[PDB]
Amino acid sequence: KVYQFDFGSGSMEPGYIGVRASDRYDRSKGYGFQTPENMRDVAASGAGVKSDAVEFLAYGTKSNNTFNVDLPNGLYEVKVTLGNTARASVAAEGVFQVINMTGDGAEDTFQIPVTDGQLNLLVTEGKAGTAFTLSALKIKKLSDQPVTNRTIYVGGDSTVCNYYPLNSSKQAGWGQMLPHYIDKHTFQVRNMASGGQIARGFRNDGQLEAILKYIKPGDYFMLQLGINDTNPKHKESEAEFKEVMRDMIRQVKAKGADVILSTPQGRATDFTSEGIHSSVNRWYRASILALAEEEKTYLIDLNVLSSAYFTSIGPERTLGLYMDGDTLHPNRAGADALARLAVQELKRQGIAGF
């Protein structure tokens, strides 16, 4: 049970159903665009199905400008292949599914339950002003039960989010490396974090809604914010931060799922004269600790655990775990060590599933 669509009008590759921007949704065919007037055929820089694409001229998670495909109810695996891309997200069923994919022909995969017998997807606002294009889709049915598998939903900022290509990016958020440390046969990992995000934004602009749409008992909401929240331009006091964070935790707990809060690690240069790495007062850490106790959530003090690791390897090596000339953003290696520490901590606490 696999449906394959090659979007665009330049070339149609074998094994794929060619879908052009003017192909209006036709129920007798089972697929097509709901509002073709806002779709456009465009060239793409890659090979095969990546040589062409369709561009969504109208977007937004609630936009009717979607590509629809009728499908028997159940759980589906959706592999997305974009066209020429600066930075874009994928939306389906009215909410975000993949956050900020980058690069022409960017690809990623996600699972989604189909309950009304039809999938409605679009590529949407990641970076405003850039082209939101789609080159291909591979839709495969995983189960007749339209229910999601156990999943770890990750919330966060630039030090947590996904960078593309997923397995080749020079930079990475530890949420992107999480899958390399937990059992895939136990958990699915959906890293919904985004660069430069704060608590207020994660809550109000779509990311939380996307997670509340599917999170349920058995799942985990792994949240790490506080870095960007301290920037004055957002005018988000520690008090507001704490309030917003509290609300998100309650909303997620209201779904029966569990919450794991994480204190964000510090800067690569937070070393004292004695060579000890300390960042105990950064990124509103104080409020995160309090919230864990007050709202009874699980807690990974990655701030301290990571500092202990940096202290044990020295300033020079620690510097090699962050982007060059960048003391805030971890590179792939740093992201991998942070993820390692995070899971090692979850196991030490004996948290179910780890």
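Residues carry their position along the shown sequence, with the first being 1.
Colleague: Higher mean Cα B-factor in the deposited model: 8-16 or 329-337?
Modeller: According to the PDB entry, the answer is 329-337.
Colleague: Mean Cα B factor from the PDB record: higher for 211-219, or higher for 163-171?
Modeller: It is 163-171 that shows the higher mean C-alpha B-factor.
Colleague: Highest recorded C-alpha temperature factor, please, choosing from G155, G129, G94, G103.
Modeller: Max CA B-factor in the entry, restricted to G155, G129, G94, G103: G129.
Colleague: Using the entry's values, work out which of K62, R27, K50, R317 has the largest Cα B factor.
Modeller: Most elevated C-alpha B-factor of the set, per the entry: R317.
Colleague: Taking the chain's C-alpha temperature factors as the reference, tell me which third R87 falls into: lowest, middle or highest.
Modeller: For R87, the deposited C-alpha B-factor lands in the lowest third.
Colleague: So where's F187 on the chain's Cα temperature factor ranking, which third?
Modeller: For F187, whose C-alpha B-factor we compare with every modelled residue in the chain, the answer is the highest third.
Colleague: By the recorded C-alpha temperature factor, relative to the other modelled residues in its chain, which third is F67 in?
Modeller: Lowest third.
Colleague: Taking only the Cα B-factors deposited for this chain, tell me whether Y76 sits in the lowest, middle or highest third.
Modeller: Its C-alpha B-factor, which the entry lists for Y76, ranks in the lowest third among residues of this chain.
Colleague: Thinking about Cα B factors across the chain, which third does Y322 belong to?
Modeller: According to the entry, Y322 has a C-alpha B-factor in the chain's highest third.
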